[PDB]
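Structure first, commentary second.
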Amino acid sequence: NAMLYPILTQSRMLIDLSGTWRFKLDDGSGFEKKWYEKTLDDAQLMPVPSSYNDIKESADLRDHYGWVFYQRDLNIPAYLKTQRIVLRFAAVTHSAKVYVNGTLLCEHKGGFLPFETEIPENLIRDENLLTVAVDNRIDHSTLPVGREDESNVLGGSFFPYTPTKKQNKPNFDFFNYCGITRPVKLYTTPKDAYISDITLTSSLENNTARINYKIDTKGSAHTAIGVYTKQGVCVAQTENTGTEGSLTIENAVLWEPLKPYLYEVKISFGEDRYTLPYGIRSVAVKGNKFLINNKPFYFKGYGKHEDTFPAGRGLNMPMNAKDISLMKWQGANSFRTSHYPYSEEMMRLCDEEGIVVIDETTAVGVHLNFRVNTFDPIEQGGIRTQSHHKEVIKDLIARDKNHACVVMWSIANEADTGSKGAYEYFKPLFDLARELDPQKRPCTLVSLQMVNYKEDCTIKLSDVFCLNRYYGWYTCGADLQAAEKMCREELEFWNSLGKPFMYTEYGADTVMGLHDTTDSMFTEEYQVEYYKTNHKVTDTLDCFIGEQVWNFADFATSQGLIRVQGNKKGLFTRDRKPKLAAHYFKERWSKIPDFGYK
Amino acid sequence: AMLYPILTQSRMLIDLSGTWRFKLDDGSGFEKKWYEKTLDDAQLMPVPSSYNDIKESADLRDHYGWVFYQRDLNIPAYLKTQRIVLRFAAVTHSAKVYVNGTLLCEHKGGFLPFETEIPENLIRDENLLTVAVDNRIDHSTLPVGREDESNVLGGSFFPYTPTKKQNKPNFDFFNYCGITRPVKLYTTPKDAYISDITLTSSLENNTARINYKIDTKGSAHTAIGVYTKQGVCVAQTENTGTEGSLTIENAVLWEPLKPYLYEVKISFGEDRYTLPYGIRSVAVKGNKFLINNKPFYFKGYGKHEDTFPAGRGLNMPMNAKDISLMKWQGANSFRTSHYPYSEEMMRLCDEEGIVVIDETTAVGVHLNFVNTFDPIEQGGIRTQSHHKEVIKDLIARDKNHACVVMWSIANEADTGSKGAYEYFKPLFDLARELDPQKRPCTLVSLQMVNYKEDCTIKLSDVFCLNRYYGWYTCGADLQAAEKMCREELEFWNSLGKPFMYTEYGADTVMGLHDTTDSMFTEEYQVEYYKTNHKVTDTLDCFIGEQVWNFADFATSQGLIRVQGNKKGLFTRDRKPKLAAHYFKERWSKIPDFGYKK
Ligand SMILES: [Cl-]
Ligand SMILES: [Cl-]
Ligand SMILES: [Cl-]
Ligand SMILES: [Cl-]
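Protein chains in written order, with the deposited numbering: chain A, 16 to 385, 396 to 623; chain B, 17 to 385, 397 to 624.
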């Protein structure tokens, strides 16, 4: 469960295994024939990390159903066996079986969070094969959810037809990109005593900044901790200390949105050494305010995706940096990890750059009615995701708990939260997130637009109400006067509750290069008018504390009659070029402060 | 004299536009006298239209020489009781007109109207109307064609021999030719009719005095009446002869974006004619351009008559669309770059309140981009005689338009070289002599290193500059563009006279973008304009900004023309680029009057 990010230290090797791997589609016999026991025969080559779906020009590969096998040689020095040897998979989408030579080492469910396994030293021969089988299938038990008998609401035909081949049935908009999404690395620690986890929280009372620490270890040794400024000056340290304690940081500089400050927290245990960057800041909800460092924050930003061409969902470090640069150019301060945890490289970069993050689980598609009710008992056909949903919350918080940039947990996106049984499904998950987060950050779920919005169970659970609303697109299309009236009528209800609420999605599909002076859907001008109309309302509501558009950039989806080669609601194109509305938001957000707007 | 043809109680108006026969000359059309018979083995061509883009043939688009248009003309013999006139609104560039194999008239100049009576004796029971159209340009035509001069914009890295002889435009825009504007038959009474109407106005308190001169043929009595739009008579004089005056109490003035047109009704014998007319004053005083005694700020564009697929051909829906976009954007004006526009556009601008800088066909008068203005014997440009005719004909056609506030004598001539003043002084004198309203005159100044030697300084009432700081110089260095802009424009500002941009812009392909200054992107177009306005907004003699161009338009081919000229604020199908929205915002905040008071 504990998943410190692997780094190169005085006690820890870090060997990236990314590169060109062998790759073979399963044909139904890959496990029966034990393909993992030998070199893959008649295979292709595929880059790792990457989604596999768009690398070639093959629809059969893009739309593959089931398993694929990745493989590479693993020839390492025998002297590594004096250390503990760990194989870390930052993400394999969706499920994985990992073999070293003929031996199954581990299995994992969940396509967007890391997992690891020690390699038993007896298994390491002079020459080794590493094989990773990757399953892309989704159903009522996976997060994200795949449909079983439910029909395609975004990709329905006018006339029914029989598909040529069995395929996944996503219950979510974004394309089902699968493969070895994030890096695979070998790392080492000392065998006999090592650090397994580090937990840090901040206390800011009485004009004193302190870091509280909890160091989890294996074995028996002495612990030491020191806190260092950017320039390397030690500002607090203690040796031969307890597993838990606190350190006062004199002259403490707080981490602020768009003004980051990261200390370096250096820990030793026996011969083991680990350094964690850490920003000191407070988060609290009070009344209708979202307080960061006791100041009333206004979210400006986006729902994003991890989506670039041609790697799909795969880690793209140059584009992560481009994206943050574009956010700062635009005057944004924040985004949400729609609809799955993002790479650690992104999260660590957001800590370094001062970008605020709403950290969301993989729980999209928990909705069987967009007659069996979504949250009926499993034995009568209800959704089967709650058990895995708990595991995802535990794993997400364990991975991201120390990030200053994370200010809120989003428990799910667009679940059936207006139906009976939703509160019962979600109450244990909100309780779990609050129990497990050492910083006790706000929790929310992101609310689907619904006719009976007053029955949304978010009202009984969340610290901030996070709304996805499309007044002027999925309703009132090309009637922005009606959109404004409908928007005002519902958002005045949310404002009357006196709690913080915000948009986490709002937007209009826009094909770059389509134009009209006169309100016309899909044009760049309509996208601007759509947003102007919505802001006419939100700017008058004192409890509305944030605007995150759908979406930062155009991204790939499943095929159908309302998806013009993917989702076109980006302010930017897929290659990160600004539409008219991106210039509109640069002007608007330049005039809105991060603090004190409302 | 060229009154716009209208339907009246004394005048039929019969449009001959439609589908005509069309044949490329193969070098034998005059020898074999194709005009004497139905054209054989011919194509079909819409009239009015340029012919170049209607088909899919490069040999047609890039044709050199003559083409023949033809239609049947079967008219009632009872029209022979009337005077019968064939009006060609525009045939580009030169025309020979035949009825039944008799040559009736010829015309040089592709953008102004001409007409001929049809002699009664020539009209048979069945008739053929044939129009031969010449597209060739050289040192004697306006616009100018190159002869031995090099292709600057469309030059190759390595010389080559062209497959076929072709025109060598000394101008950017594509050489669209054909029967550009409508052909109509009209009638007037035979014995006595109105040939021309001239109106000037004077504002004494709230009373307008309209001075008229009605030119006629034959002996009859002349009468004039001025009516409000709703039809109330506000002044009337009978048996007035040729010249006279009359007064309108509490006259409604024509204003930019607030038009008002009276109807001036004239009778002469049995002839009847109605002219729309707006009352307004124009004067340059100090560094001010005064419309109705108020300091105007021009906001607008150089345009082209350019749409797909008609090329230069009259497109009345697009004319109305274009004016609507101008009002949407907050513009108040444009220049007819680089030729007189259709009467239909000019009359629509009167109706809609759009101010016009009316420009001649004189683009390309420049042999050194042998001196341009050397004597013709020594190889100088051979255009001055036709240039005089164009000025005469343009002012004769457009003199009564309230929307026309200034004449542009030429665009981007070689005005910094020796002999330029000697070439242009007679033309400026001519324009001032012939315009009854004595409106301001200018020439449109090419960008040049020796700008203080531009003879515009000695001739023009307003200095009209084409400047590309940040495009043709300082490209992708807008800080240097701002410094170079300020250095030159402070010189012009020091002369104390009104000056303006008539061209400034940056090629921009819709859909190309970059946050970081990059030529041809939509963002760079905006930054280019922001940089220039940083300078112009601080200069008190700078009284107007007209971008190049309203919309992308077709040009000759070459390495710097990305399928034509891309400096439009709008695409060729009139869609707004980022900079079109920039100017809508900017012009929304700048008044038409009193911006620089
Ligand atoms: Cl999505
Ligand atoms: Cl959407
Ligand atoms: Cl041009
Ligand atoms: Cl140009």
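All C-beta atoms, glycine included, are put in the ideal place defined by N, C-alpha and C.
Check	Outcome
Between which residues of its own chain and residue 462 of chain A is the CB-CB distance below 8 Å, once the five residues before and five after are set aside?	422, 426, 434
Compare the C-alpha of residue 551 of chain A against each of A/232, A/534, A/160 and name the closest.	A/534
What number of angstroms, rounded off, separates the C-alpha of residue 613 of chain B from the C-alpha of residue 588 of chain B?	28 Å
With 8 Å as the threshold, decide whether the Cβ of residue 542 of chain B is near any Cβ in chain A.	yes
Kindly provide the ranges of any beta strand (DSSP E) runs that are 3 or more residues long and lie completely inside the stretch 485-532 of chain A, ordered along the chain.	490-493, 526-530
At a threshold of 7 Å, does residue 354 of chain A count as lining ligand 1 (C-beta to nearest heavy atom)?	yes
Which whole-angstrom value describes the C-beta separation of residue 318 of chain A and residue 348 of chain A, a residue pair presumed to lie in contact below a C-beta threshold of 8 Å?	So it is not a contact: roughly 14 Å between Cβ atoms.
Is there a Cβ of chain A sitting closer than 8 Å to that of residue 21 of chain B, yes or no?	no
Confirm, please, whether the CB-CB distance from residue 81 of chain B to residue 106 of chain B is below 8 Å.	no
Return yes when the C-beta of residue 575 of chain B is under 7 Å from any heavy atom of ligand 4, and no when it is not.	yes
Would you say the beta carbon of residue 594 of chain B comes nearer than 7 Å to a heavy atom of ligand 4?	yes
If we ignore side chains and look at the alpha-carbon of each, how far apart do residue 279 of chain A and residue 266 of chain A end up?	15 Å
To be precise: take each residue of the stretch 592-606 of chain A, compare its Cβ to all Cβ atoms of chain B, and keep it if any distance is under 7 Å. Which residues remain?	602, 603, 605
Within 8 Å of any Cβ in chain B, is that where the Cβ of residue 537 of chain A sits?	yes
Relative to the alpha-carbon of residue 464 of chain B, which residue among B/329, B/560, B/295, B/605 has its alpha-carbon at the smallest distance?	B/295
With a cut-off of 8 Å, does the C-beta of residue 344 of chain A fall near any C-beta of chain B?	yes
Quick one: any contact between the stretch 480-491 of chain B and the stretch 517-534 of chain B, if contact means 3 or more CB pairs under 8 Å?	yes
According to a CB-to-CB cut-off of less than 8 Å, which residues of the stretch 543-565 of chain A neighbour chain B?	550
Hey, would you say the C-beta of residue 564 of chain A is under 7 Å away from at least one heavy atom of ligand 1?	no
Based on the DSSP output, what are the partners of residue 36 of chain A in its beta bridges?	A/61
Quick one: residues in its chain with C-beta nearer than 6 Å to the C-beta of residue 190 of chain B, no 5 flanking neighbours on either side, listed in chain order?	581, 582
What residues does ligand 1 have around it, judged by CB closer than 5 Å to any heavy atom, in chain order?	A/188, A/189
One question on the structure: do residue 290 of chain A and residue 24 of chain A come within less than 8 Å of each other, judged by their Cβ atoms?	yes
Note down the Cα distance separating residue 212 of chain B from residue 341 of chain B, rounded to an integer number of angstroms.	34 Å
Using a Cβ-Cβ cut-off of 7 Å (strictly less than) and excluding sequence neighbours within five positions of residue 98 of chain B, which residues of its own chain qualify?	203, 204, 205, 206
Following the continuous beta strand (DSSP E) through residue 468 of chain A, name the residue where it begins and the one where it ends.	468-472
To the nearest angstrom, report how far apart residue 276 of chain B and residue 432 of chain B are at their CA atoms.	16 Å
Name the DSSP beta bridge partners of residue 292 of chain A, please?	A/279
What is the residue span of the beta strand (DSSP E) that residue 366 of chain B lies within?	From DSSP, residue 366 of chain B is part of no beta strand (DSSP E) but of the alpha helix (DSSP H) over 359-368.
Determine the extent of the alpha helix (DSSP H) in which residue 332 of chain B is found, giving its start and end residues.	332-345
What is the DSSP secondary structure of residue 151 of chain A, counted as helix, strand or coil?	coil
Just the C-alpha distance for residue 101 of chain B and residue 603 of chain B, rounded to the nearest angstrom, thanks.	43 Å
Check the Cβ of residue 109 of chain B against every Cβ in chain A and list those closer than 8 Å, keeping chain order.	Within chain A, no residue comes near residue 109 of chain B; the closest Cβ sits about 35 Å away, beyond 8 Å.
Please report the straight-line C-alpha distance between residue 56 of chain A and residue 50 of chain A, rounded to a whole angstrom.	8 Å
Report the residues of the stretch 104-130 of chain B with a CB closer than 8 Å to any CB of chain A, ordered along the chain.	none
Using the three-state DSSP reduction, which class does residue 270 of chain B fall into: helix, strand or coil?	coil
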